[PDB]
Amino acid sequence: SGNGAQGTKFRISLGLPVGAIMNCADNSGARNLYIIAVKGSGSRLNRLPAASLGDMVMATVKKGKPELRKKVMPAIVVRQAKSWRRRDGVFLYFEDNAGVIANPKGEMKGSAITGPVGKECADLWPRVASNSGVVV
Amino acid sequence: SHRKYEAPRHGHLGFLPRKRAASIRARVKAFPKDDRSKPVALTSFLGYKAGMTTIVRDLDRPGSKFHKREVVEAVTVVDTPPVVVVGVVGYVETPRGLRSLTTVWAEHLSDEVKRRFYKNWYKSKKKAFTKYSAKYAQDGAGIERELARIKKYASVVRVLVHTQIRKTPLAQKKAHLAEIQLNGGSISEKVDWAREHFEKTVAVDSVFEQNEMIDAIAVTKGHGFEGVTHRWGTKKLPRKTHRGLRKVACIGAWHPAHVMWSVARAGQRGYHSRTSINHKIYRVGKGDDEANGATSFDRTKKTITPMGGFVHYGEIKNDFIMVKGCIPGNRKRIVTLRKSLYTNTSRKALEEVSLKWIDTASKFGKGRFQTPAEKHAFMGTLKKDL
Amino acid sequence: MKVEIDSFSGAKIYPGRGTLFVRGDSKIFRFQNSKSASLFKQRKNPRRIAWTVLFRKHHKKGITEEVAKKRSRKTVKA
RNA sequence: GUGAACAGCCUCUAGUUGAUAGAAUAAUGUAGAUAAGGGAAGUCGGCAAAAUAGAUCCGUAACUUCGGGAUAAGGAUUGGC
RNA sequence: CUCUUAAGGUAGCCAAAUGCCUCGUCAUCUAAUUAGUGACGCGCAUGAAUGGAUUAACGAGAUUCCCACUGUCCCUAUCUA
RNA sequence: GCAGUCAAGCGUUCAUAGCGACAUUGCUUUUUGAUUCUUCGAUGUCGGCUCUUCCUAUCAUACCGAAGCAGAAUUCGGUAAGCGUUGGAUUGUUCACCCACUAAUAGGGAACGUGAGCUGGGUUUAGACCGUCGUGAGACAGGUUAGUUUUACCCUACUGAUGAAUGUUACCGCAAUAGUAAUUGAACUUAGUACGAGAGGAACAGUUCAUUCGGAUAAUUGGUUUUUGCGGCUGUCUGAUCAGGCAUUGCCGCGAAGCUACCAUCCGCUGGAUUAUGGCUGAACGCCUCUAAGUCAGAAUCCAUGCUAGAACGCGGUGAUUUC
Ligand SMILES: [Mg+2]
Ligand SMILES: [Mg+2]
Ligand SMILES: [Mg+2]
Ligand SMILES: [Mg+2]
Ligand SMILES: [Mg+2]
Ligand SMILES: [Mg+2]
Ligand SMILES: [Mg+2]
Ligand SMILES: [Mg+2]
Ligand SMILES: [Mg+2]
Ligand SMILES: [Mg+2]
Ligand SMILES: [Mg+2]
Ligand SMILES: [Mg+2]
Ligand SMILES: [Mg+2]
Ligand SMILES: [Mg+2]
Ligand SMILES: [Mg+2]
Ligand SMILES: [Mg+2]
Ligand SMILES: [Mg+2]
Ligand SMILES: [Mg+2]
Ligand SMILES: [Mg+2]
Ligand SMILES: [Mg+2]
Ligand SMILES: [Mg+2]
Ligand SMILES: [Mg+2]
Ligand SMILES: [Mg+2]
Ligand SMILES: [Mg+2]
Ligand SMILES: [Mg+2]
Ligand SMILES: [Mg+2]
Ligand SMILES: [Mg+2]
């Protein structure tokens, strides 16, 4: 959430703590993301910051195009792989973890997004909705 | 030295001591402030917790992303057969608090209620109120003076009610007895209203209403002696800890040379009394009526009880109260339902609720069907069938 | 409220029941319970599981359902 | 008997049935285990546990004292009739 | 050029288990490293059988990084004797 | 380490918006010192982990005053310790330094809190290596590696748990006392508005959510398997089949009930009196002034409402009170 958040997000179960590595879903040339922080997270003793679908995280690319490595950059997750609950009572989960590299105010670095993206994420970030292939 | 890293307190200090409750029936310690204008009516009711189920309804909340869309919610049902009124009592103010001064009883007491006064019922000559009944048979001599006393004094009036335990599937046979404060005006009519209601019953509908926010008061579920970690949620010690790791490391500094009262310690867990507020009613059901689980949107004749009946309880052949969320206490425990103490707008407490669908699948497993007719339709004929 | 069909067992799924699994190819599967979810994870074939509807359809068991469709064979009379 | 095997497991001859017991199954323990998503972020430190593991076929680097490294690494198969 | 010694550290090597200042200076590994590695050396106080420098193979020796793995942890829960 | 008094100057002018030299008055024992009063027939001596409470010299949150406060942002100060103050790389580290989120990552005490609560990285015996010193035995808060961490059944404190005695027993009650709890942010709208020439750029009310904490619950999802419930599989044994034993629960899949998870769901109240401050009336002091009498409004403050126990020597109402 934050600057680009066009609306508010109901809490959904956190499945991505710090240190998690997720596939890169865009065409920016990066292949995976390494989470080191979560924007707008609280503080509690020994509580590891965690990310859920639709959040904005500060992350670095661990392996990929050299002009991207060794620097921090914002990212937005689009796939979780941990079951969470909508209002409908349906429990859903992808089969992997996926994120997209973006600037601090929500501009995507890529142009297209591979694989499905969560509805809560599309509804929260209009730009990834536009650049989104399939929305579930 | 100072604590290295700050951290919030563990546990809440407003609920000590964590000891077993005095009685299995939690006592209500506060009633809604009386208004001397409304008609005389009760302020609470008695019921037994049955179970929980799931509901689908259309949310009505302008502004939220799920305005006018279906959502699912978890609700719990309390079996509430009509109570029986037996006698009233009055309280007068004193510089040392409210004090009772006179109790009156109805002429005839049922067995299920007079069993409350015996610890060994089967060996007894059933000599209960057998001389009190002799106070009748004269016009009003021994009683009308008592009522005159209560009218002259006793600013606050409470009435005695008892549950119809035999109407429930329980194996209790011993009814529950409790006090409910009346809430009309001009106590003389309060006691009048009680007079003709002696030995008569009161349906829960006469007290509660749809979409009304209420309070649940009951004794929570017990678990026996419990370790400090699960009793208070404190951090677990590292693995390579000699002499146990399910403990608390430092139970106090050197000075003061005692362990403070604020340090988490092992002991009893559960069976405390708890008061939970702001619960919305979703459906007041009438027991002498099939299709309780039917809605205006579903329209299939089925009762509220699930397939195979509520686990550990049975059926709901009586009236019932259906409330959003969770209430303290486990199934088969007595529960008191109390009206709100204050006008709560909240833009939520006054939201009208209209159910779409009520789940009745078996809770004894991963039930797939809603009605035996549906099950037969889906599965076709079996070997058991002719 | 909409009722769906279990993608493995063919059972009906009432609201708030079972789970939903989205595969990498953006295909959507629904499951009524953990038994079916686990069997799908183990990658079993429904046609070889004796109690599923697809199996019975493939083996003509308990198939006393729909019979036929009658279309008249005569003049239209119109 | 299984099995490469005086490995581990079951049995035949032979020998024991000895170790204070009975009733319940709270906390904390000792020994044995399992956990969704993340995967060492805990900690001085991957301490403890887990992962690989038999046999047949393929493939096997730097370096070197030319003998080794080497089961390097990394893959495929294994029942019954 | 000069004082002084018997001679004035050569070949080599290094913030090394030997360097106080020192978390030396530069580069790499990481988002961030008093750690690790590669270089530089007026080296308090390295250095030649007091043995100097490498070295394939070997080590229940010490140390750094990577992959797989996992209740060490996020955050605890349950079962058996 | 922290706070004052005077005022040469800084601050476009102007001492005190904010700073403040030369001087000078104080407070603390969380630094390091001085002495050696208690302990050498022994008080277990660093740090890290976990846990409770207290202080204010206040980082944020509440309410206000001032500015070289146009708005935004920021600085100084007042009442205020209720609530919170993190996840990591390097080091045993206190400390220190960088990455990152956040409203904020404030300073300290409790025998430098805390080893019959843990660990033993360092220190701190005996082994060993290196450098310097010594002819030598050997020395080095110089470096490195390996090095046994004991006992609770007593009394007290605490968490829970019984219990004689008040004619007996049972039911329904009152409330002295003790404890107390909720906290913070974001988005939309207000509003591209107020202000400002412009660049920039708010706030009150309203709506939806979210962070930390707490009390419950299991309808749904997940976990746990001795339901040894069902099926399958390996070796061996019962002549074979069927049906079974053994392999310290043989292994694999599913697996009801119970327990359980911010890994699931629900819930967390409104009145009064005040602090700082701004005022009214009005003398002292024929004027003037919030003050002297009197009085109004006011904070996450205090006390109530509400919530948890219920004095086992605090109390009330009611039923029944034994015969050979
Ligand atoms: Mg920690
Ligand atoms: Mg502190
Ligand atoms: Mg809990
Ligand atoms: Mg140990
Ligand atoms: Mg069930
Ligand atoms: Mg399950
Ligand atoms: Mg053989
Ligand atoms: Mg053998
Ligand atoms: Mg013995
Ligand atoms: Mg083969
Ligand atoms: Mg030497
Ligand atoms: Mg001394
Ligand atoms: Mg001494
Ligand atoms: Mg002594
Ligand atoms: Mg001692
Ligand atoms: Mg102060
Ligand atoms: Mg750490
Ligand atoms: Mg001190
Ligand atoms: Mg301590
Ligand atoms: Mg101690
Ligand atoms: Mg030594
Ligand atoms: Mg010498
Ligand atoms: Mg020494
Ligand atoms: Mg002990
Ligand atoms: Mg009080
Ligand atoms: Mg279960
Ligand atoms: Mg005036």
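- cryo-EM is the method the PDB entry lists for this structure, together with a resolution of 3.23 Å.

**So, the overall build of chain A**
Then, number 1: In terms of regular secondary structure, chain A is built from two helices and eleven strands.
Then, number 2: Reading chain A from its N end, one meets helices and strands in the order β-β-β-β-β-β-β-β-β-β-α-α-β.
Then, number 3: Relative to its length of 136 residues, chain A is compact, with a C-alpha radius of gyration of 14 Å against a globular reference of 14 Å.
Then, number 4: Across its three principal directions, the C-alpha atoms of chain A cover 45 × 40 × 30 Å.
Then, number 5: Here chain A holds 136 residues, and the buried ones make up 44% of them.
Then, number 6: Considering only residue pairs separated by 6 or more positions, chain A has 54% of its internal contacts joining residues 24 or more positions apart.
Then, number 7: Taken as a whole, chain A presents about 6700 Å² of accessible surface, with 51% of it coming from carbon and sulfur.
Then, number 8: In chain A, the 21 positive side-chain charges and the 9 negative ones have mean positions that sit 8 Å from each other.

**Quick word on the domain arrangement of chain B**
When the parts come together, some accessible area is lost, and that loss is often what is quoted as the size of the interface.
All names here are of chain B.
Then, number 1: Partitioning chain B into domains gives domain 1 (16-81 + 203-220 + 270-384) and domain 2 (82-202).
Then, number 2: Using only C-alpha atoms to locate each centre, domain 1 and domain 2 end up separated by 29 Å.
Then, number 3: Listed by partner, the interface residues are 31 residues for domain 1 and 29 residues for domain 2.
Then, number 4: Roughly 2500 Å² of surface becomes buried between domain 1 and domain 2 when both sides are summed, with 64% attributable to carbon and sulfur atoms.
Then, number 5: The largest contributions to the domain 1 side of the interface with domain 2 come from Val-40, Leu-42 and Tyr-48, which together make up 27% of the buried area.
Then, number 6: Our enumeration of links across domain 1 and domain 2 arrives at one salt bridge.
Then, number 7: For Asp-34, the salt bridge identified is with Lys-190, shortest N-O distance 3.1 Å.
Then, number 8: The interface formed by domain 1 and domain 2 contains eight residue pairs in polar contact.
Then, number 9: Examining the composition of the side of domain 1 that touches domain 2, we find that four residues originate from one element, strand 1 (residues 44-58), more than from any other.
Then, number 10: Considered class by class, the residues forming the side of domain 1 that touches domain 2 number 14 nonpolar, six polar and eleven charged.

**A word on the protein's contact with RNA strand F**
Then, number 1: Around RNA strand F, a shell composed of 137 residues is seen, among which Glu-179, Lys-221 and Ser-273 of chain B together with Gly-16 and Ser-34 of chain C lie nearest.
Then, number 2: Sugar and phosphate atoms represent 82% of those atoms of RNA strand F found within 4 Å of the protein.
Then, number 3: Note that a base oxygen of RNA strand F is positioned 3.1 Å from one of the backbone N or O atoms of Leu-16 of chain B.
Then, number 4: Residue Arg-99 of chain B places a side-chain N or O atom 3.4 Å away from a sugar or linking oxygen belonging to RNA strand F.
Then, number 5: Elements represented by at least two residues in the surface near RNA strand F include exactly strand 3 (32-38) of chain A, strand 1, strand 4 (99-103), strand 6 (177-181), helix 4 (228-232), strand 10 (267-270) and strand 11 (273-285) of chain B together with helix 1 (34-41) of chain C.
Then, number 6: Within the surface near RNA strand F, the residues separate by chemical class into 47 nonpolar, 47 polar and 43 charged.

**Digging into the protein's contact with RNA strand E**
Then, number 1: Inspection of the region around RNA strand E gives 15 residues, with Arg-47, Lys-62 and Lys-70 of chain A together with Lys-235 and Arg-246 of chain B positioned closest.
Then, number 2: By atom count, sugar and phosphate contribute 73% of the portion of RNA strand E lying within 4 Å of the protein.
Then, number 3: Take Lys-236 of chain B: an N or O atom from its main chain is 3.3 Å from a phosphate oxygen of RNA strand E.
Then, number 4: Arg-246 of chain B places a polar side-chain atom, nitrogen or oxygen, 2.2 Å from a phosphate oxygen of RNA strand E.
Then, number 5: Considered class by class, the residues forming the surface near RNA strand E number three nonpolar, three polar and nine charged.

**Things to note about the interface of chain B and chain C**
Then, number 1: Each partner contributes residues to the interface: chain B has 13 residues there, and chain C has ten residues.
Then, number 2: Summing both sides of the interface, chain B and chain C together bury roughly 1100 Å²; the carbon and sulfur share of this comes to 57%.
Then, number 3: A per-residue breakdown of the area chain B buries against chain C is headed by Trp-357, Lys-366 and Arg-368 of chain B, which together make up 43% of the total.
Then, number 4: Taken together, the links from chain B to chain C amount to one salt bridge.
Then, number 5: Its salt-bridge partner being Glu-374 of chain B, residue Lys-12 of chain C comes within 2.8 Å of it at the nearest N-O pair.
Then, number 6: Linking chain B to chain C there are three residue pairs in polar contact.
Then, number 7: By residue class, the composition of the side of chain B that touches chain C is five nonpolar, two polar and six charged.

**Notes on the environment of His-312 of chain B**
Residues and elements named next belong to chain B.
Then, number 1: With respect to the secondary-structure elements, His-312 resides in the loop between strand 11 and strand 12 (320-324).
Then, number 2: When its relative accessible area of 52% is taken as the criterion, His-312 is described as exposed.
Then, number 3: The sequence separation of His-312 and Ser-1 amounts to 311 residues, and the corresponding C-alpha distance is 55 Å.
Then, number 4: Ignoring any residue separated from it by four or fewer positions in sequence, one finds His-312 in contact with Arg-331 and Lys-332.

**Quick look at the layout of surface pockets**
All names here are of chain B.
Then, number 1: Volume-wise, the largest pocket comes out at about 970 Å³.
Then, number 2: In terms of lining, the largest pocket is formed by 27 residues, of which the most central are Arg-3, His-10, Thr-234, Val-248 and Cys-250.
Then, number 3: For the lining of the largest pocket, a count of residues per class yields 13 nonpolar, eight polar and six charged.

Rules used throughout
Residues numbered from 1 in each chain as written, not as in the entry; some residues may be left out. Chains lettered and ligands numbered in written order. Part of a larger assembly, values for the part shown. Heavy atoms only, no water. Residues with missing side-chain atoms left out of burial classes, pairs and counts. Helix = DSSP H or I, 4+ residues; strand = E, 2+ residues; numbered from the N terminus. Rg over C-alpha atoms; globule rule 2.2 N^0.38 Å. Buried < 20%, exposed > 50% of the residue type's maximum accessible area, 1.4 Å probe, protein only. Contact = heavy atoms within 4.5 Å. Areas by Shrake-Rupley, 256 points an atom, 1.4 Å probe, with all protein chains shown as cover. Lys, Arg positive; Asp, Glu negative; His and termini not counted. Charge placed at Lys NZ, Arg CZ, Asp CG, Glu CD. Domains from an automatic or database assignment. Buried area = accessible area lost by both parts, 1.4 Å probe. Salt bridge = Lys/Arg side-chain N within 4 Å of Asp/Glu carboxyl O. Polar contact = N/O pair within 3.5 Å; in protein donor to acceptor, adjacent residues only side chain to side chain. Nonpolar A, V, L, I, M, F, W, Y, C, P; charged D, E, K, R; others polar. Near = heavy atom within 4 Å. 1 Å grid on protein atoms, 1.4 Å probe; cavity = no way out; pocket = protein on both sides within 12 Å on 5 of 7 lines; lining within 4 Å. Points joined across faces, edges and corners; volume = space filled by probe spheres on them.

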